[PDB]
Amino acid sequence: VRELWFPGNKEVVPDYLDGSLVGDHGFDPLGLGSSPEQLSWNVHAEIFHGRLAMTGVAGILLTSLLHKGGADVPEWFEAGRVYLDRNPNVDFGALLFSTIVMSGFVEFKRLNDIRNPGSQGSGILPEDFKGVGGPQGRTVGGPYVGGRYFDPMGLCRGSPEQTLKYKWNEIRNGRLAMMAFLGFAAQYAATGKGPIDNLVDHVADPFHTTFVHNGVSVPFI
Amino acid sequence: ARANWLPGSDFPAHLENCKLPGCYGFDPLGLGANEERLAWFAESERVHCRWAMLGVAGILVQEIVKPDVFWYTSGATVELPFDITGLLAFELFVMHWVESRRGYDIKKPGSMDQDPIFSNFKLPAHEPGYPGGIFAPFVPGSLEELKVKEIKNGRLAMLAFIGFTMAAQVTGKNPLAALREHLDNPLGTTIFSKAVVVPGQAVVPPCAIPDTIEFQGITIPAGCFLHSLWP
Amino acid sequence: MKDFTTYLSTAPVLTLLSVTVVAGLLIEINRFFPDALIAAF
Amino acid sequence: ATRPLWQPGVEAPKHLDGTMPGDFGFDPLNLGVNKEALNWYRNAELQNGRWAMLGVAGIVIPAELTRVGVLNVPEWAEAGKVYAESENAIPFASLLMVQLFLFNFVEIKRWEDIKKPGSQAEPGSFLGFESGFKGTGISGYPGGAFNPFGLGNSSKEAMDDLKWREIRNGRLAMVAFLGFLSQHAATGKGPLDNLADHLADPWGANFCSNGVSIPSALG
Amino acid sequence: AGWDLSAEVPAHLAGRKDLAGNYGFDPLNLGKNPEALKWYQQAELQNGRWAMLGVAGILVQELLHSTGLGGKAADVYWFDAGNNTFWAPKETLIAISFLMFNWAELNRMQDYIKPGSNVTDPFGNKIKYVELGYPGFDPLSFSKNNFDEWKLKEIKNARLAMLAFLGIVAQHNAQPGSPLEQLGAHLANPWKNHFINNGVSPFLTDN
Ligand code: CLA
Ligand SMILES: CC(/C=C/C=C(C)/C=C/[C@@]12O[C@]1(C)C[C@@H](O)CC2(C)C)=C\C=C\C=C(C)\C=C\C=C(C)\C=C\[C@@]12O[C@]1(C)C[C@@H](O)CC2(C)C
Ligand SMILES: CC1=C(/C=C/C(C)=C/C=C/C(C)=C/C=C/C=C(C)/C=C/C=C(C)/C=C/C2=C(C)C[C@H](O)CC2(C)C)C(C)(C)C[C@H](O)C1
Ligand SMILES: CC1=C[C@H](O)CC(C)(C)[C@H]1/C=C/C(C)=C/C=C/C(C)=C/C=C/C=C(C)/C=C/C=C(C)/C=C/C1=C(C)C[C@H](O)CC1(C)C
């Protein structure tokens with residue numbers, strides 16, 4: 001059929017993970033998405049995590065590249081405290097509350113999309129926020145929300161092959177970005193520098209700058 | 001067989017049988033796949049071409065007549081007959097009028113064609129983005145050929161203006177000054193000489209335009225696009 | 001999954017989970033607001 | 001039925017139909033499943049909303065008029081003591097008993113309305129005034145001697161519109177009065193004092209800086 | 001559509017042509033309810049007529065203040081007019097105005113509730129009546145030819161005057177002096193004297 005996370009071994013989870021979802025390679029060895037309702041929830045979660053991690057990793061990469069040209073930008077792991085210091089008139093509680101309230105508005109919008117797939121493209125919002133559907137055969141809603149506002153440049157309207165290709169690009173880059181952010185957190189814990197700092201340290205001397213030499217991974221060396 | 005952006009290649013599909021001028025079958029990313037977006041992007045390209053033509057011509061002439069003024073910094077070092085606040089407000093109002101009219105005209109063709117003040121005056125029917133009439137007094141040659149000529153020149157002008165900006169960032173002098181600097185030593189002024197990266201070292205050119213500037217008290221964060229990302 | 005969540009809804013597991021949650025909550029309240037003898041408002 | 005709801009996408013419960021004024025399908029706690037309880041809650045909401053509109057008016061309007069420079073009345077929290085210390089002031093206990101004795105009569109009348117919405121109109125009740133208590137078929141909307149100007153007393157749907165305006169304003173007033181109470185308990189300043197304070201430094205002066213809202217123990 | 005080309009008249013303003021100065025301008029649909037629009041037309045007429053009166057008063061009295069013709073009465077700023085003594089104190093003037101306007105505005109309101117029922121005076125004098133907001137007060141009868149054109153002139157000048165009064169108060173709070181004083185101040189440069197450079201309006205600039 002398609003490519004599997006394990007060539008051969010067709011004992012991939014029973015056909016709730018057939019070659020239908022975008023990014024589907026039969027990887028569910030722990031069965032966390034077996035039932036269809038949980039599978040739909042997991043598809044939403046994976047796309048959202050991929051997009052959010054893509055945003056976060058791009059921000060971390062750029063902020064760590066600026067922090068190497070000497071620009072007055074802190075590293076990603078100290079940006080919160082650095083900002084709180086440099087802007088003393090702001091209250092942590094206020095910023096945390098505002099972030100939770102403004103994030104909450106849009107996340108309730110997305111929640112009531114998940115509950116009723118087409119219910120959010122009406123009332124105050126126009127009709128483009130109704131969603132184009134996608135996975136599980138739904139033709140409305142979903143993690144893919146077309147229209148002229150979330151897809152302003154029309155890069156998935158027209159040419160179904162092009163839409164599928166771009167969907168695959170998004171999903172694979174999202175999985176890569178999630179793995180990359182896990183790497184960022186692990187490298188920061190083990191070494192204590194930025195991501196670009198670690199990359200240039202490694203390329204400057206490829207040896208003696210592996211994970212063995214940081215003294216935290218291989219704990220005894 | 002026909003004119004191609006890459007001889008030997010085939011056109012996509014939307015770009016096959018264009019009615020837009022300058023169709024050389026580009027779009028390696030599929031932005032013109034849609035057909036409303038294709039017309040919107042065609043108008044955007046035309047206005048970008050014309051604004052960049054005006055910009056590059058103005059920069060060239062201003063450099064020719066006033067070589068002691070850096071075009072990049074000339075916004076703040078020029079001595080305006082008026083103020084800068086009211087000048088920008090006048091700019092804002094006039095451009096709002098004309099640009100809103102043009103944008104609407106593109107949105108719906110048979111619309112922004114009638115003079116408000118004088119009822120009798122009215123633009124004769126035109127294709128989008130080519131008003132003609134009062135806007136086109138003299139027409140030197142066949143219209144389609146001249147549209148192709150305009151599109152070619154506009155492409156070259158937009159590339160030239162981005163080059164102007166970049167040379168101003170890295171070299172710090174006006175375009176013809178940079179050309180004279182490259183012509184006295186062609187081997188040594190190229191970006192390959194000024195900047196280079198290898199595994200273990202990165203040599204990047206400094207930005208001649210300073211980090212900040214002073215203008216009537218306030219400071220405008222005018223740096224160098226994105227330093228550190230330069231090769 | 002469905003059967004695993006059904007198992008997590010069983011009285012032996014859900015009761016134990018709820019007792020653990022309530023115990024943890026009382027422990028947290030007493031950790032942050034200790035030695036409270038009266039309802040001082 | 002197809003009206004806007006408190007949460008777009010969440011359907012209204014099958015007991016909050018769409019007939020009551022101010023109906024947005026908001027009832028997460030399912031307090032109004034019983035029809036009789038729903039009528040009593042409607043009537044309670046009307047009373048709370050009307051008293052809160054009166055109270056919030058008598059709080060902000062004197063406060064804002066004092067601010068600009070007129071009437072110079074105290075701030076609402078201390079206004080009880082400001083009068084209480086006056087010379088010819090009625091004692092608190094006697095004053096409260098006078099108020100409660102009058103409101104006993106008035107509120108038991110309104111109560112006997114709420115039960116059978118034509119109760120108090122029986123002839124022989126008052127001294128010829130009993131006709132003004134006939135009601136208007138719905139509890140909480142007396143009319144008659146009440147509503148002297150006859151506003152909405154015309155097109156039915158006009159009365160329905162004014163009912164939504166009244167209920168929305170009352171809900172706003174009750175939310176605002178809860179705000180006044182919680183703000184004066186935390187920051188011992190007035191409502192306009194808090195307003196003019198927050199606009200000064202919105203990121204510094206808010207509810208996460210007074211130290212009473214967020215528990216000091218936690219932080 | 002008239003107020004903004006390529007837009008669309010909001011239906012309730014579309015076929016309703018018997019309104020003065022109808023241009024389809026209603027981005028907020030306050031007038032969707034027909035009774036609401038019937039009230040809002042009267043509100044617009046009252047606001048426009050009172051603002052034409054008020055702005056004419058402001059401009060004429062301040063022009064007299066600047067040039068100098070009306071004496072100690074008019075040699076004050078319009079907003080500082082409460083310092084003049086007059087034949088009465090402020091309080092009795094306010095009381096008299098309450099009484100008189102109660103009379104006049106209740107006559108107009110009774111006209112509104114049942115149009116045409118209140119035209120006759122206690123002495124039997126009977127005036128005519130045409131349209132709701134236009135009681136036919138025509139001593140010189142400028143209303144027999146092109147009446148819609150005259151209503152258009154009235155309403156357009158009324159909208160201009162309400163805009164003018166909003167400008168008067170906004171400028172008075174923003175910059176000091178009489179309105180025409182400010183007009184001369186703008187005409188002085190003008191590229192620096194404009195709403196941007198006050199320290200009161202953008203706020204983004206100079207705190
Ligand atoms: C939270 C992120 C996330 C989520 C919600 C999903 C969700 C999904 N993935 Mg997926 N994936 C992810 C990240 C994620 N993925 C990453 C980072 C990679 C790169 C390695 C992949 C690679 C991948 C492949 C190749 C495939 C999937 C597939 C699927 C779908 C079927 C499997 C399933 O439902 O299990 C649900 C998974 C979870 C509920 C996540 C649970 C994670 C556990 C509880 C924690 C342990 C993980 C981690 C190592 C622990 C680190 C924590 C600590 C060390 C800090 C499903 C909708 C299959 C598919 O067909 O897609 C349609 C499939 O082919 N994923
Ligand atoms: C959300 C996310 C990252 C988001 C990052 C953000 C917002 C960063 C934000 C900021 O940085 C900025 C921008 C600026 C900084 O100054 C401040 C912070 C605040 C730091 C990554 C998730 C990262 C999530 C990761 C890495 C998840 C890995 C999951 C795996 C591997 C699961 C695999 C399997 O689940 C399957 C698929 C099938 C199962 O059956 C079996 C197993 C094996 C369980
Ligand atoms: C369930 C779930 C989530 C959350 C869902 C929730 C819980 C939504 C609702 C959230 C609410 C109501 C959050 C309220 C937060 C209030 C906060 C965070 C107050 C913070 C202030 C603090 C901690 C103290 C600040 C001080 C500072 C440092 C200075 C002094 O002056 C003193 C002091 C006041 C102590 C997230 C993670 C968001 C996503 C979703 O996917 C899963
Ligand atoms: C709906 C629902 C349903 C679902 O299901 C569930 C839930 C969620 C629960 C819900 C909600 C609820 C809520 C929100 C509530 C709130 C309320 C309020 C706030 C009230 C007040 C209310 C309020 C009120 C009455 C008030 C009143 C007031 C007053 C009189 C005042 C008085 C005064 C004055 C003038 C002044 C002086 O000097 C003082 C005094 C003496 C003080």
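As a convention, Cβ positions derive from the backbone with ideal geometry for all residues, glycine included, and neighbour counts pool all protein chains shown. None of the figures in this text is laboratory data; all of them are computed from the coordinates on show.
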What residues have an amide H closer than 5 Å to that of residue B:213, excluding those fewer than 5 places away on the same chain, when H is modeled at 1.01 Å from N in the peptide plane? B:220, B:222
Set of the range E:32-64 residues, backbone N closer than 14 Å to the point 7 Å along the Cα-Cβ line of residue E:112: E:35-50
If you build a Gaussian network model of chain B, linking Cα atoms that sit under 10 Å apart, which residue out of B:173, B:152, B:122 swings the most? B:122
Filter the chymotrypsin sites (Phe, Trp or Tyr not before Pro) in the range E:57-104 to those in DSSP coil with at most 16 other Cβ atoms within 10 Å of their Cβ, and list the result. E:77, E:86, E:87
List nothing, just return the count: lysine pairs in the range B:13-229, 8 or more apart or interchain, with Cα separation under 23 Å. 11
Could you give each residue of the range A:13-22 its phi-based ³J(HN,Hα) in whole Hz, using Karplus coefficients 6.51, -1.76, 1.60 with θ = phi - 60°, and x for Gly or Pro? 3, x, 5, 8, 10, 7, x, 10, 6, 7
Within the range B:14-50, GluC sites (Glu not before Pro) in DSSP loop having at most 15 other beta-carbon neighbours inside 10 Å: B:16, B:35
Computed label-point distance, nm, for sites residue A:3 and residue D:67 using a 7 Å Cα→Cβ extension: 6.5
Kindly state, to the nearest 0.05, the FRET efficiency for residue A:185 paired with residue D:218, given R0 = 25 Å and r defined as their beta-carbon distance. 0.45
Under unit Cβ charges (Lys, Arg +1; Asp, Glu -1), what dipole magnitude, rounded to 20 debye, does chain D have relative to its Cα centre? 440
So what J values fall out for the range A:43-54 if you push phi through Karplus, 6.51 cos²θ - 1.76 cosθ + 1.60 with θ = phi - 60°, rounded to Hz, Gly and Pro as x? 4, 4, 5, 5, 5, 5, 4, x, 5, 5, 5, 4
Alpha carbon centroid spacing (whole Å) that separates the range A:45-114 from the range D:183-198: 31
Calculate one ³J(HN,Hα) per residue across the range B:199-206 by plugging θ = phi - 60° into the Karplus curve 6.51 cos²θ - 1.76 cosθ + 1.60, and present them in order as whole Hz with x for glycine and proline. x, x, 7, 9, 10, 10, x, x
Enter the angle in degrees (range 0 to 90, nearest 10) between the Cα long axis of helix A:195-204 and the first principal axis of the Cα atoms of chain A, meaning the one along which they spread out most. 60
Within the range D:115-219, list the chymotrypsin sites (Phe, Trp or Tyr not before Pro) lying in a DSSP loop whose Cβ has at most 11 other Cβ atoms in a 10 Å radius. D:146, D:149
Using a cut-off of 15 Å between beta-carbons, work out the net charge of the residues near residue B:171 (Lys and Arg +1, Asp and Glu -1, residue B:171 not included). 0
Nearest-ten-degree value, helix B:85-107 long axis tilted from longest Cα axis of chain B: 40
